[PDB]
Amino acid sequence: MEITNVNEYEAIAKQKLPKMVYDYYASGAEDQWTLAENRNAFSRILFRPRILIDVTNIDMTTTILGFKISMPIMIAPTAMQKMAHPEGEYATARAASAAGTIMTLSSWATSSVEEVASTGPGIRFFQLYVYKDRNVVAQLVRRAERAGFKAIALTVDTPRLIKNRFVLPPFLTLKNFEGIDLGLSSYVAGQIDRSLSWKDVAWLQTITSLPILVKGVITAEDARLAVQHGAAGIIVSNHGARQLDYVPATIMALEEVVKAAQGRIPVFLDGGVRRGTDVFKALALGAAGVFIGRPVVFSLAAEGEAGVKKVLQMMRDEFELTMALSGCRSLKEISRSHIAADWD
């Protein structure tokens, strides 16, 4: 009946969404071992609270890529949001701007960069999927710059491969591809370029001046390469545990990637973040911020824009209370010594 926390939206969404759709949303890869881990691993990290600290004034605002935001909790890119709620990306963009945070727009969105940008003022990032036809990629990137998007998140952990048993609602299209020259179900399928390599990151930088974030890094080895090749940030991710099963939980991999980057570029994380305590734990391990994926689609399905705003609020309030109880007045005061990781 009443939603006291983020995970509850999942039950409500499950009630109102067709089984096929809910299963598609919640699903991980294969055995779904990592899906569970992305969540479970946060509970193997304990707090080491500090006492006798004046926690009367808590400040959780931060600067991401130069942009000042209200909290280190942002929205990850989840494709075709209008399938969860007719408002779709419009609802999400408005909730994000209202909350004073960042929203990342998927390439497979049901609303174009300009439709989203029309909703109003707000900092947004554009998620890029590189197609074989570079011509289409260039068109998408310039279009994002024009629409006012602040950075490009290049997804590199794209899962491979229901579809034949489902029929999409009418008029739902991949709007970002409407206008640029290339059912819509297919075609876009074998369009993802699996030959993508670091040289392509170099090329991307020649067509745009926007910061390029590499989304899908879980090893210290690739983190170094990200820095060496000029990426502006790294997003420790395993695509919500939908790409390959038995890879570690992103929160387990975070520290090694943060270490490897050596403070050169900000490291972000997604995968399993549901509570304010999870946010604190990620920041204590070195992350500059976190992205949430699934909670966004579940709350959108549940209460639309109101649901998305509630998720962000609940997470903010929980994160604020966690800081007060741990003895932290600002993000700068959250230290690695404020938690005791499973390997500590």
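Numbering starts at 1 and runs along the sequence shown.
Coordinates are absent for 4 to 9 residues of the deposited sequence placed between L182 and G183. Counting the deposited residues that fall between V167 and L168 and carry no coordinates gives zero. Look at the mean CA B-factor for 34-42 and for 52-60 in the entry; the higher one is 52-60. Taking the mean C-alpha B-factor of each stretch as recorded, 327-335 and 5-13 are not equal, and the higher mean is that of 5-13. Looking only at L225, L213, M103, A84, the residue with the top Cα B factor in the deposited structure is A84.
Per the PDB entry, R160 shows the highest C-alpha temperature factor of the residues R264, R274, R242, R160. Among the modelled residues of its chain, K68 has a C-alpha B-factor that falls in the highest third according to the deposited record. Ranked by C-alpha B-factor against the other modelled residues of its chain, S197 falls in the middle third. Ranked by Cα temperature factor within the chain, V311 sits in the middle third according to the deposited record. Ranked by Cα temperature factor within the chain, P77 sits in the lowest third according to the deposited record.
When the CA B factors of the chain's modelled residues are split into thirds, the value for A117 lands in the highest one.
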